[PDB]
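Reading the structure
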Amino acid sequence: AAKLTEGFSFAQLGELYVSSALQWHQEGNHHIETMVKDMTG
Amino acid sequence: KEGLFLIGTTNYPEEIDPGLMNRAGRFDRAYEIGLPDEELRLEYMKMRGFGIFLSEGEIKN
Amino acid sequence: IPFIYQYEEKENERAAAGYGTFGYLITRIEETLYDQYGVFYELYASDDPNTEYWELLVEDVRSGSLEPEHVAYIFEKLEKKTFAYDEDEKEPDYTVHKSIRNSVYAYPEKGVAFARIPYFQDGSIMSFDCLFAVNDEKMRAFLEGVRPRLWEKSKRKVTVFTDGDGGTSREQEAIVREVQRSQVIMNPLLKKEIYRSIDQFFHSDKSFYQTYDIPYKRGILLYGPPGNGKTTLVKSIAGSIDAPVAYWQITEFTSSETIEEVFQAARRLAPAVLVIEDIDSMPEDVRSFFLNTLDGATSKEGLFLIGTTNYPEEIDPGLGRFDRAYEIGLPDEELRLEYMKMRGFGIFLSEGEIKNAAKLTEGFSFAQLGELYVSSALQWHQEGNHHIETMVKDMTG
């Protein structure tokens, strides 16, 4: 995830954390690769 | 300790400070409240009371 | 555990400053009310900050009403008489009557009594306003009655709010001219429509609003090209309504603060019509806040707002946040003709001459028909001759 987050601000890595946290806490599933690719686009 | 839930309103989303948006703190989701479609207009007219003086067909019309 | 101050007070040093005079006056006011009415009045406000019903008291005394009875003077050698005359008001009142300060008054049927107790300090003469009642139920009924009395009294008046640097200035004015509905010169179809709201809001039973579940408020915008007499029209509409009328004069001092003052003061006269002329003159930094007072989450009821603008563009950017916006154009032939009979052309013209003059005044504003009237009047009053056809043709050119 460090490798895929090129061009990411610290804030964006933070917003990634909160959004990735719910999913793991909601769906038992984090889906970071899906979420980094969706947050870039 | 323990939680403010903020709700902001605007008729002019263009004049919004963009810093407000898509952060978990500050406003993390925005929703558009748009003109009602026909099904919703018909729903509004019924609860509002148009049925007092309008027939079921006059309201549909 | 030790105490620094060990001085032991004479019992004479326990006395409360000012209480010996005040408690003595209150006791005597109560003894005197008992002697005259046979009941016991109790203090309910020792220096009442409320002014509304204290102003009703003064107007009651001033106008010779039977209801408030003069019970006693407080100090033998302070004033027993006063007069309404204040040189700062527009309309002087020369009424002379018994003083309010230095007096005790009672509304004996109401069970409520008033004493304005004088005292000396820095260096003027001031007073404690003291309110008495025979029991809690009468006190409450008296308070509940204040607003309906103020309402009836303000039907008979027009209240102007002029925004200033400190705040808004309230000014009551006599209804020197009453206005019948037949004197509202206006497009008949739209006159009919507006008066449906007005008659329901002011001249009917209020049950309509509860039956259809309809907020009890309204706001209409009257717009059109300049000189179309919008202002004279709104005053004419306002004058046809059997309810207090309040005019709000936007100035360069209008802020979100004066707005709230004016609306809270009008809302005390609810139901009332609130006239707002040239709402386009208000500063652009309060306009967002202003439109919220009419439709926001905490907007209130009881007011029928009527505004006028020449720039509908700038007031209600959604043009829509007023309930309805009506265009007032220049008068067509029949309106021009109603105008001429109401303004008094029939003084010096035959009916044929009026009909004709209505016909020749195409494109005339109401103001221009007015300026025609004054100029045509002199001639008939100066030369025995009116020469309207000559004067309309000369005023167009």
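Each chain carries its own residue count, running from 1 in the order of its written sequence; this scheme can depart from the entry numbering, and residues that have no coordinates do not appear. Naming scheme: in the order in which they are written, chains are lettered from A and ligands are numbered from 1. Shown here is a subset of chains from a larger assembly, with all values computed for this subset only. Excluded from the side-chain calculations are hydrogens and water; all other atoms, namely the structure's heavy atoms, are used.

Another point: the pattern of salt bridges. Residue and element names in this part refer to chain C. Throughout this description, the term salt bridge denotes a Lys or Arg side-chain nitrogen within 4 Å of a carboxyl oxygen of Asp or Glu. Throughout the structure, instances matching the rule amount to 19 salt bridges over all chains. A salt bridge links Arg62 to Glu59, with the nearest nitrogen and oxygen atoms 2.7 Å apart. Residue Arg62 and its partner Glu59 are both found in helix α2 (residues 52–62); the two are separated by three residues, about one turn of the helix. Classification of residues uses two cut-offs on accessible area relative to the type maximum, computed with a 1.4 Å probe and protein chains only: under 20% is buried, over 50% is exposed, and between them is partly exposed. When its relative accessible area of 23% is taken as the criterion, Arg62 is described as partly exposed. On the basis of relative accessible area, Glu59 is assigned to the partly exposed category, the value being 29%. Helix numbers and strand numbers start at the N terminus; a helix is a DSSP run of H or I with at least 4 residues, a strand a run of E with at least 2.

This part covers empty space enclosed by the protein. Residues and elements named next belong to chain C. Its volume calculated, the largest cavity comes out at about 30 Å³. Lining the largest cavity are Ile279, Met282, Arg287, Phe290, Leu291 and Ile315. Charged residues are taken to be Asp, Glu, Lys and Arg, nonpolar residues to be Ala, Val, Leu, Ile, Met, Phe, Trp, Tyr, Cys and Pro, and polar residues to be all remaining types, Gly included. When grouped by side-chain class, the residues that make up the lining of the largest cavity number five nonpolar, no polar and one charged. A pocket here means an open set of points on a 1 Å grid, computed over the protein atoms alone, that has protein on both sides within 12 Å along at least five of seven lines. A cavity is instead a set of points where a 1.4 Å probe fits but cannot get out; residues with an atom within 4 Å of a point line either one. Grid points are joined across faces, edges and corners, and a volume is the space filled by probe spheres set on the points.

A few words now on the packing of aromatic side chains. All names here are of chain C. Here a pair means two rings of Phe, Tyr or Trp (six-membered ring of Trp) with centres within 6.5 Å. Their orientation is stacked below 30 degrees between planes, edge-to-face above 60, and tilted elsewhere. Under the criterion given, the structure shown has 28 aromatic pairs over all chains. Seen from their ring centres, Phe345 and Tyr373 are 5.2 Å apart, and the 65° between their planes marks the pair as edge-to-face. Note that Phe345 is positioned in the loop between α10 (333–343) and α11 (351–360) and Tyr373 in helix α12 (residues 366–382), a separation of 28 residues in sequence. When its relative accessible area of 0% is taken as the criterion, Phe345 is described as buried. We classify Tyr373 as buried; its relative accessible area is 11%. Three or more aromatic residues joined by ring pairs form one cluster here, namely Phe201, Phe202, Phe208, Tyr209, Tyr212, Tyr216 and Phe304.

Residues and elements named next belong to chain C. Within the largest apolar cluster, 29 residues are counted, with the highest numbers of intra-cluster contacts made by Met186, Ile198, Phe202, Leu222, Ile237 and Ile306. Counting residues per element, the ones that place at least two in this core are β8 (157–163), α4 (188–202), β10 (218–223), α6 (230–239), β11 (245–249), β12 (272–277) and β13 (303–309). In terms of residue count, the dominant contributor to this core is α4 (six residues). Should any heavy atoms of two residues lie within 4.5 Å, those residues are considered in contact. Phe202 has contacts with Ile241, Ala243, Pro271, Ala272, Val273 and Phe304, leaving out every residue within four places of it along the chain. Buried residues of nine kinds, namely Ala, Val, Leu, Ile, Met, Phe, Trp, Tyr and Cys, make up a nonpolar core once their side-chain atoms join them within 4.5 Å.

Before going further, it helps to examine the UniProt feature "binding site: ATP" in chain C. All names here are of chain C. UniProt positions are given in the numbering used here, feature names are shortened, and annotations may be inferred rather than shown by experiment. As annotated by UniProt and renumbered to match this structure, "binding site: ATP" occupies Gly224, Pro225, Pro226, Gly227, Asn228, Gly229, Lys230 and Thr231. Structurally, the position occupied by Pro226 is in the loop between β10 and α6. Apart from residues no more than four positions distant in its own chain, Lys230 is found in contact with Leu222, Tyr223, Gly224, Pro225, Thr308, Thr309, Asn310 and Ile328. Nitrogen and oxygen atoms within 3.5 Å of one another constitute a polar contact, given that in protein one can donate a hydrogen and the other can accept it, and given that sequence-neighbouring residues count only through two side-chain atoms. For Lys230, the side chain forms a polar contact with the side chain of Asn228, separated by 2.6 Å.

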